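Novice: To be precise about what I am sending: the file is called coords11.cif and holds mmCIF, N, CA and C atoms.
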```cif
data_input
loop_
_atom_site.label_atom_id
_atom_site.label_comp_id
_atom_site.auth_asym_id
_atom_site.auth_seq_id
_atom_site.Cartn_x
_atom_site.Cartn_y
_atom_site.Cartn_z
N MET A 1 -58.08 23.25 -171.97
CA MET A 1 -59.48 23.71 -171.85
C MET A 1 -60.01 23.29 -170.49
N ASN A 2 -61.25 23.68 -170.16
CA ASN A 2 -61.86 23.52 -168.84
C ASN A 2 -61.18 24.43 -167.81
N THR A 3 -61.85 24.67 -166.69
CA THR A 3 -61.30 25.31 -165.50
C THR A 3 -61.61 24.40 -164.32
N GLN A 4 -61.23 23.13 -164.47
CA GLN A 4 -61.49 22.00 -163.59
C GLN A 4 -62.99 21.70 -163.47
N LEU A 5 -63.34 20.43 -163.31
CA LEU A 5 -64.72 19.98 -163.17
C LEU A 5 -64.96 19.65 -161.70
N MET A 6 -66.06 20.16 -161.14
CA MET A 6 -66.53 19.85 -159.79
C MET A 6 -66.34 18.36 -159.49
N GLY A 7 -66.82 17.51 -160.40
CA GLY A 7 -66.78 16.08 -160.23
C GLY A 7 -65.36 15.56 -160.00
N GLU A 8 -64.38 16.02 -160.79
CA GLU A 8 -63.01 15.58 -160.62
C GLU A 8 -62.36 16.24 -159.39
N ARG A 9 -62.72 17.49 -159.05
CA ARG A 9 -62.34 18.04 -157.75
C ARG A 9 -62.79 17.10 -156.63
N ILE A 10 -64.04 16.63 -156.65
CA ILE A 10 -64.54 15.67 -155.67
C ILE A 10 -63.70 14.40 -155.71
N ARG A 11 -63.62 13.75 -156.87
CA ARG A 11 -62.89 12.49 -157.06
C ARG A 11 -61.46 12.58 -156.53
N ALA A 12 -60.84 13.75 -156.70
CA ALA A 12 -59.50 14.06 -156.24
C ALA A 12 -59.45 14.31 -154.73
N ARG A 13 -60.19 15.30 -154.21
CA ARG A 13 -60.31 15.58 -152.78
C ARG A 13 -60.53 14.27 -152.02
N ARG A 14 -61.55 13.53 -152.44
CA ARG A 14 -62.01 12.34 -151.77
C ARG A 14 -60.88 11.31 -151.64
N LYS A 15 -60.10 11.08 -152.70
CA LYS A 15 -58.98 10.15 -152.62
C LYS A 15 -57.85 10.73 -151.77
N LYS A 16 -57.58 12.03 -151.90
CA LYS A 16 -56.56 12.70 -151.10
C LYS A 16 -56.87 12.52 -149.61
N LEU A 17 -58.14 12.68 -149.24
CA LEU A 17 -58.65 12.48 -147.88
C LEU A 17 -58.80 10.99 -147.54
N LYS A 18 -58.96 10.14 -148.56
CA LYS A 18 -59.04 8.68 -148.49
C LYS A 18 -60.42 8.23 -148.00
N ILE A 19 -61.49 8.90 -148.45
CA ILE A 19 -62.86 8.64 -147.99
C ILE A 19 -63.56 7.70 -148.97
N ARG A 20 -64.12 6.58 -148.50
CA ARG A 20 -64.92 5.70 -149.36
C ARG A 20 -66.20 6.40 -149.81
N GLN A 21 -66.61 6.18 -151.06
CA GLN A 21 -67.67 6.97 -151.70
C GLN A 21 -68.98 6.87 -150.92
N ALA A 22 -69.31 5.67 -150.45
CA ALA A 22 -70.46 5.45 -149.58
C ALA A 22 -70.33 6.24 -148.27
N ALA A 23 -69.13 6.27 -147.68
CA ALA A 23 -68.93 7.04 -146.46
C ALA A 23 -69.13 8.52 -146.75
N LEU A 24 -68.56 9.02 -147.86
CA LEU A 24 -68.80 10.40 -148.27
C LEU A 24 -70.30 10.65 -148.39
N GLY A 25 -71.02 9.76 -149.08
CA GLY A 25 -72.47 9.81 -149.16
C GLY A 25 -73.09 10.02 -147.79
N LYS A 26 -72.76 9.16 -146.82
CA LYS A 26 -73.26 9.30 -145.46
C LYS A 26 -72.88 10.64 -144.83
N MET A 27 -71.62 11.07 -144.96
CA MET A 27 -71.14 12.33 -144.38
C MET A 27 -71.95 13.51 -144.92
N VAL A 28 -72.06 13.61 -146.24
CA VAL A 28 -72.78 14.69 -146.89
C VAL A 28 -74.27 14.59 -146.58
N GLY A 29 -74.79 13.37 -146.56
CA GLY A 29 -76.20 13.08 -146.40
C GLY A 29 -76.86 12.90 -147.77
N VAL A 30 -76.22 12.12 -148.65
CA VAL A 30 -76.79 11.68 -149.91
C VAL A 30 -76.58 10.17 -150.05
N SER A 31 -77.36 9.54 -150.93
CA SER A 31 -77.11 8.18 -151.37
C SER A 31 -75.78 8.14 -152.13
N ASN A 32 -74.97 7.09 -151.91
CA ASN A 32 -73.73 6.80 -152.64
C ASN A 32 -73.87 7.10 -154.14
N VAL A 33 -74.98 6.69 -154.74
CA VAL A 33 -75.21 6.91 -156.16
C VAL A 33 -75.14 8.39 -156.51
N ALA A 34 -75.71 9.27 -155.69
CA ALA A 34 -75.65 10.70 -155.94
C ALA A 34 -74.19 11.17 -156.03
N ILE A 35 -73.35 10.75 -155.07
CA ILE A 35 -71.91 10.98 -155.16
C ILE A 35 -71.39 10.51 -156.52
N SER A 36 -71.71 9.27 -156.90
CA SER A 36 -71.29 8.71 -158.18
C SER A 36 -71.67 9.62 -159.35
N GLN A 37 -72.94 10.05 -159.42
CA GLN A 37 -73.42 10.92 -160.48
C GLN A 37 -72.71 12.28 -160.46
N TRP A 38 -72.52 12.86 -159.27
CA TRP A 38 -71.72 14.07 -159.09
C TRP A 38 -70.31 13.88 -159.66
N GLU A 39 -69.54 12.89 -159.20
CA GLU A 39 -68.17 12.76 -159.70
C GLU A 39 -68.14 12.45 -161.20
N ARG A 40 -69.02 11.55 -161.65
CA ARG A 40 -69.19 11.26 -163.07
C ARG A 40 -69.73 12.48 -163.84
N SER A 41 -70.09 13.56 -163.15
CA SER A 41 -70.40 14.86 -163.73
C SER A 41 -71.66 14.79 -164.59
N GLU A 42 -72.67 14.05 -164.11
CA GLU A 42 -74.01 14.07 -164.66
C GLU A 42 -74.79 15.18 -163.95
N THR A 43 -75.08 14.95 -162.68
CA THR A 43 -75.66 15.93 -161.78
C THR A 43 -74.56 16.86 -161.26
N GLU A 44 -74.96 18.01 -160.70
CA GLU A 44 -74.09 18.96 -160.03
C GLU A 44 -74.73 19.24 -158.67
N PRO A 45 -73.96 19.33 -157.57
CA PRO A 45 -74.48 19.68 -156.26
C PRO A 45 -74.87 21.16 -156.22
N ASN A 46 -76.03 21.47 -155.65
CA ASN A 46 -76.48 22.84 -155.44
C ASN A 46 -76.12 23.31 -154.04
N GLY A 47 -76.22 24.63 -153.83
CA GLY A 47 -75.72 25.38 -152.68
C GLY A 47 -75.57 24.57 -151.39
N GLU A 48 -76.69 24.12 -150.82
CA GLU A 48 -76.68 23.39 -149.55
C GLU A 48 -75.80 22.14 -149.67
N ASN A 49 -76.07 21.32 -150.69
CA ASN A 49 -75.36 20.06 -150.88
C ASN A 49 -73.90 20.32 -151.21
N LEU A 50 -73.60 21.40 -151.93
CA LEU A 50 -72.25 21.83 -152.24
C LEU A 50 -71.53 22.20 -150.94
N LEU A 51 -72.17 22.96 -150.05
CA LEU A 51 -71.61 23.25 -148.74
C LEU A 51 -71.37 21.95 -147.97
N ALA A 52 -72.37 21.06 -147.91
CA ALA A 52 -72.25 19.79 -147.21
C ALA A 52 -71.09 18.96 -147.77
N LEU A 53 -70.98 18.90 -149.10
CA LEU A 53 -69.85 18.31 -149.80
C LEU A 53 -68.55 18.92 -149.30
N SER A 54 -68.43 20.24 -149.40
CA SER A 54 -67.21 20.94 -149.02
C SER A 54 -66.81 20.60 -147.59
N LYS A 55 -67.78 20.62 -146.68
CA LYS A 55 -67.56 20.27 -145.28
C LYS A 55 -67.08 18.82 -145.18
N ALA A 56 -67.82 17.86 -145.74
CA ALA A 56 -67.44 16.45 -145.70
C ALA A 56 -66.05 16.21 -146.29
N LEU A 57 -65.78 16.95 -147.35
CA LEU A 57 -64.51 16.98 -148.07
C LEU A 57 -63.58 18.04 -147.49
N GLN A 58 -63.72 18.38 -146.20
CA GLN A 58 -62.75 19.14 -145.43
C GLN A 58 -62.20 20.35 -146.19
N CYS A 59 -63.08 21.24 -146.66
CA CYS A 59 -62.71 22.45 -147.40
C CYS A 59 -63.89 23.42 -147.46
N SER A 60 -63.64 24.61 -148.01
CA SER A 60 -64.60 25.65 -148.29
C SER A 60 -65.14 25.48 -149.72
N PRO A 61 -66.36 25.95 -150.02
CA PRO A 61 -66.93 25.86 -151.36
C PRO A 61 -65.99 26.48 -152.40
N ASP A 62 -65.35 27.59 -152.01
CA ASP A 62 -64.25 28.25 -152.69
C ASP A 62 -63.33 27.26 -153.40
N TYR A 63 -62.93 26.19 -152.70
CA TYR A 63 -62.04 25.16 -153.22
C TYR A 63 -62.57 24.61 -154.54
N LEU A 64 -63.87 24.36 -154.59
CA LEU A 64 -64.53 23.65 -155.67
C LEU A 64 -65.03 24.63 -156.73
N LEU A 65 -65.45 25.83 -156.31
CA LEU A 65 -65.70 26.92 -157.23
C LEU A 65 -64.44 27.18 -158.06
N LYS A 66 -63.30 27.39 -157.39
CA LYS A 66 -62.06 27.77 -158.06
C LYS A 66 -61.35 26.53 -158.60
N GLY A 67 -61.13 25.53 -157.75
CA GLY A 67 -60.15 24.47 -157.95
C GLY A 67 -58.92 24.81 -157.12
N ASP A 68 -58.91 24.33 -155.87
CA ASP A 68 -57.76 24.52 -154.97
C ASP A 68 -57.16 23.15 -154.66
N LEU A 69 -56.90 22.37 -155.70
CA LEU A 69 -56.57 20.97 -155.59
C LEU A 69 -55.06 20.74 -155.62
N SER A 70 -54.31 21.64 -156.25
CA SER A 70 -52.86 21.76 -156.13
C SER A 70 -52.48 23.24 -156.27
N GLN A 71 -51.35 23.56 -156.91
CA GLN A 71 -50.86 24.93 -157.04
C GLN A 71 -49.94 25.04 -158.26
N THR A 72 -50.40 24.47 -159.38
CA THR A 72 -49.74 24.44 -160.67
C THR A 72 -50.79 23.85 -161.61
N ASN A 73 -50.43 23.71 -162.89
CA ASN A 73 -51.19 23.02 -163.92
C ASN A 73 -52.64 23.52 -163.96
N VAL A 74 -52.87 24.63 -164.68
CA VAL A 74 -54.15 25.34 -164.73
C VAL A 74 -54.68 25.63 -163.31
N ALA A 75 -53.75 25.92 -162.39
CA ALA A 75 -54.02 26.10 -160.97
C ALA A 75 -55.02 25.05 -160.49
N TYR A 76 -54.62 23.78 -160.62
CA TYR A 76 -55.50 22.63 -160.51
C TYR A 76 -56.40 22.72 -159.28
#
```
Would you mind writing the file out in structure tokens?

Specialist:
Amino acid sequence: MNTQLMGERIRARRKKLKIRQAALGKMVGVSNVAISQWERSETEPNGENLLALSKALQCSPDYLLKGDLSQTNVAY
């Protein structure tokens, strides 16, 4: 079930890139806590912040809309 969660796409991208959550916060332009809530999948990033996320996380919004995190396993 699921078609990947934005939050786990972030949690995954971020570790793959090796970015500290506070640094990601600074890159995107949010408080570290907002990152935390996003990955913990309480809040969801909206258009602008989603773009800023995608940029900070070295990808297109497409990546997170779809899940371009690998190339197998529910097209992770």

Novice: Hey, what comes out of the PyMOL selection byres ((chain A and resi 16-28) around 8) on this file? Could you write it as an MDAnalysis selection string?

Specialist: chainID A and resid 10:15 29:36 49 51:58

Novice: One decimal, Å: what's the distance from atom CA of residue 61 of chain A over to atom CA of residue 43 of chain A, could you say?

Specialist: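 Separating atom CA of residue 61 of chain A from atom CA of residue 43 of chain A is a distance of 16.8 Å.
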
Novice: So what do you get for atom CA of residue 3 of chain A versus atom CA of residue 62 of chain A, distance-wise?

Specialist: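 Computed distance, atom CA of residue 3 of chain A to atom CA of residue 62 of chain A, equals 13.5 Å.
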
Novice: Run through the PyMOL selection byres (((chain A and resi 69 and name CA) around 10) and name CA) on the given coordinates and return the selected residues as a PyMOL selection string.

Specialist: chain A and resi 4+8-10+12-13+16+63-64+66-68+70-72+75-76

Novice: Grab the atom C of residue 41 of chain A to atom N of residue 7 of chain A distance for me, in Å with one decimal place.

Specialist: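 We find that atom C of residue 41 of chain A and atom N of residue 7 of chain A lie 7.0 Å from each other.
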
Novice: Residues of chain A in alpha helix (DSSP H) according to DSSP, as a PyMOL selection string?

Specialist: chain A and resi 6-17+21-28+32-39+47-56+61-62

Novice: Could segment 49-66 of chain A be completed with N, CA, C and O atoms and returned as a tab-separated table (two decimals), keeping the file's coordinate frame?

Specialist:
```tsv
chain	number	residue	atom	x	y	z
A	49	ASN	N	-76.07	21.32	-150.69
A	49	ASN	CA	-75.36	20.06	-150.88
A	49	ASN	C	-73.90	20.32	-151.21
A	49	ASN	O	-73.03	19.54	-150.81
A	50	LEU	N	-73.60	21.40	-151.93
A	50	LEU	CA	-72.25	21.83	-152.24
A	50	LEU	C	-71.53	22.20	-150.94
A	50	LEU	O	-70.40	21.77	-150.72
A	51	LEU	N	-72.17	22.96	-150.05
A	51	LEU	CA	-71.61	23.25	-148.74
A	51	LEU	C	-71.37	21.95	-147.97
A	51	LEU	O	-70.28	21.74	-147.45
A	52	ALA	N	-72.37	21.06	-147.91
A	52	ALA	CA	-72.25	19.79	-147.21
A	52	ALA	C	-71.09	18.96	-147.77
A	52	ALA	O	-70.29	18.43	-147.01
A	53	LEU	N	-70.98	18.90	-149.10
A	53	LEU	CA	-69.85	18.31	-149.80
A	53	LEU	C	-68.55	18.92	-149.30
A	53	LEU	O	-67.67	18.20	-148.84
A	54	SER	N	-68.43	20.24	-149.40
A	54	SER	CA	-67.21	20.94	-149.02
A	54	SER	C	-66.81	20.60	-147.59
A	54	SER	O	-65.65	20.29	-147.33
A	55	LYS	N	-67.78	20.62	-146.68
A	55	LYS	CA	-67.56	20.27	-145.28
A	55	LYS	C	-67.08	18.82	-145.18
A	55	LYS	O	-66.03	18.57	-144.60
A	56	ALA	N	-67.82	17.86	-145.74
A	56	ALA	CA	-67.44	16.45	-145.70
A	56	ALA	C	-66.05	16.21	-146.29
A	56	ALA	O	-65.25	15.44	-145.77
A	57	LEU	N	-65.78	16.95	-147.35
A	57	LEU	CA	-64.51	16.98	-148.07
A	57	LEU	C	-63.58	18.04	-147.49
A	57	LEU	O	-62.72	18.53	-148.21
A	58	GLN	N	-63.72	18.38	-146.20
A	58	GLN	CA	-62.75	19.14	-145.43
A	58	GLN	C	-62.20	20.35	-146.19
A	58	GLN	O	-60.98	20.47	-146.39
A	59	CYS	N	-63.08	21.24	-146.66
A	59	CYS	CA	-62.71	22.45	-147.40
A	59	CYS	C	-63.89	23.42	-147.46
A	59	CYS	O	-64.99	23.12	-146.99
A	60	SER	N	-63.64	24.61	-148.01
A	60	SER	CA	-64.60	25.65	-148.29
A	60	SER	C	-65.14	25.48	-149.72
A	60	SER	O	-64.43	24.92	-150.56
A	61	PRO	N	-66.36	25.95	-150.02
A	61	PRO	CA	-66.93	25.86	-151.36
A	61	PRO	C	-65.99	26.48	-152.40
A	61	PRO	O	-65.82	25.94	-153.49
A	62	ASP	N	-65.35	27.59	-152.01
A	62	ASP	CA	-64.25	28.25	-152.69
A	62	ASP	C	-63.33	27.26	-153.40
A	62	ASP	O	-63.00	27.45	-154.57
A	63	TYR	N	-62.93	26.19	-152.70
A	63	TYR	CA	-62.04	25.16	-153.22
A	63	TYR	C	-62.57	24.61	-154.54
A	63	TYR	O	-61.80	24.35	-155.46
A	64	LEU	N	-63.87	24.36	-154.59
A	64	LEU	CA	-64.53	23.65	-155.67
A	64	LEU	C	-65.03	24.63	-156.73
A	64	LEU	O	-65.00	24.32	-157.91
A	65	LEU	N	-65.45	25.83	-156.31
A	65	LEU	CA	-65.70	26.92	-157.23
A	65	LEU	C	-64.44	27.18	-158.06
A	65	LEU	O	-64.49	27.21	-159.29
A	66	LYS	N	-63.30	27.39	-157.39
A	66	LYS	CA	-62.06	27.77	-158.06
A	66	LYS	C	-61.35	26.53	-158.60
A	66	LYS	O	-61.04	26.44	-159.79
```
